[PDB]
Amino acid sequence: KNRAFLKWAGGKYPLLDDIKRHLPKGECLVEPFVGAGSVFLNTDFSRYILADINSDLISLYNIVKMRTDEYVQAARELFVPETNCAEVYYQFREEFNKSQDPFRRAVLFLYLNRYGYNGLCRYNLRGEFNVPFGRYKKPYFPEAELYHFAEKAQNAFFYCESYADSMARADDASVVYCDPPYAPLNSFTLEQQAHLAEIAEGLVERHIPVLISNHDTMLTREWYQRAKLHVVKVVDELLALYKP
């Protein structure tokens, strides 16, 4: 199994087998919530449409796509041992929040993801990255994963937009895989969670298959009441499939 180069919530890990079992075939996969990219990275579609609300994430991605070699070399230089400390971390973090250059921001963003508290991505009320120092023994530099992601990215477009807009791009030959922020056990709201079920119902009426993952709860069975449902033991996980 191929790994994501970023530590990122639900690098959707234990469930790849189950998603691939239910994920229907087509020319194109659309992911309105790409995140880590683990589905993207472990499937063989002829092309991908990958979107996310997080503008840093998408920008990093476009940069790993178009400037591969220059990116990897520049970023390797921050995985040295002179950087594993707080004086350097809060330093790189102040630089990231004051920079207006995409390439350098993207270099700093990968250091923060791998040297920062629990590999989190968070912002204060002014929009500044505000994850504190994560005190790790030795952060892995993800060289192999960066290369594999780049190569694989040659068949992808990356958009920074809302799930409504990326799902409007899916067509005849598309499949849609949705992995939204999890339902309760600028946040993602219950209105949006149900909105996402509606868009899916509309895409299957046009014969575009949609698959959504989420926790198994009263609200998730309510919103996905029209999909074929599949509960998966490992808080249980719910897979909802809208087949034409």
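So that there is no doubt, residue numbering starts at 1 and follows the sequence shown. Between two forms, the rigid core is the largest collection of C-alphas that superpose within 1.5 Å.
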In 5 other deposited structures of this protein, superposed by the rigid core, which stretch departs further from the shown form in CA positions, 1-9 or 235-243? 1-9
Can you count, per the entry, how many deposited residues between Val234 and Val235 come without coordinates? Answer none, 1 to 3, 4 to 9, or 10 or more. 10 or more
Does the deposited sequence hold unmodelled residues between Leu185 and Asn186, and if so, how many: none, 1 to 3, 4 to 9, or 10 or more? 10 or more
Comparing 57-65 with 201-209, which stretch shows the greater average C-alpha B-factor in the deposited entry? 201-209
On average, are the C-alpha B-factors higher in 72-80 or in 122-130? 72-80
Among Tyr163, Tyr140, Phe109, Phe158, where is the Cα B factor highest in this entry? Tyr140
Using the temperature factors of the C-alpha atoms in this entry, rank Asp179 within its chain: lowest, middle or highest third. lowest
Please place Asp44 in the lowest, middle or highest third of its chain according to the CA B-factor in the PDB entry. highest
